[PDB]
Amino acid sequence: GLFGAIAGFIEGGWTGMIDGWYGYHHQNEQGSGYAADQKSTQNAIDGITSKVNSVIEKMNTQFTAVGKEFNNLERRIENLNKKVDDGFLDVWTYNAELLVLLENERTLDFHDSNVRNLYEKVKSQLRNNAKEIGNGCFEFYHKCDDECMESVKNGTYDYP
């Protein structure tokens, strides 16, 4: 919600858009329907994948036995051990909990940014050839056939 698009000025999502994360709708006299934007979806899929790999795999791991056995005259060194185990417990629990919380915020905001950026890429091409009717929609002043919609999606629009 940091970029005001997802759940913001674009009020809802499309369950109808099954082939990707971000995309377009469009309505013609030749029909209508959904289409994902491959470039940004694939970029996001790629970025988020690197993110998950980083969190999962940058974790270094040493072969360790952990358990220790001390007799009833070694209580002090038994408690040192407990202190170590408990210390790492506290460190890992906290930084794990907060790592997920923080990365989760960042991830959702990342998606929000991609939607706002995509919306702006369209707005920028169309300029005053369409009117921003709100909710992420542009209404063309001219007549926009299938080849022309394809150009807006391509990023090829070309018209003052």
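Each residue number is its position in the shown sequence, starting from 1.
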Of 39 to 47 and 57 to 65, the stretch whose C-alpha atoms average the higher B-factor in the entry: 57 to 65
Avg C-alpha B-factor, entry values, 86 to 94 vs 68 to 76, higher side is 68 to 76
In terms of the chain's CA B-factor thirds, is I10 lowest, middle or highest? lowest
When the deposited Cα B-factors of this chain's modelled residues are ordered and cut into thirds, is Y24 in the lowest, the middle or the highest one? lowest
Third of chain Cα B-factors occupied by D112: lowest
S32: CA B-factor among chain residues, third -> middle
Quick tally, chain-level thirds of C-alpha B-factors: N104 sits in the lowest
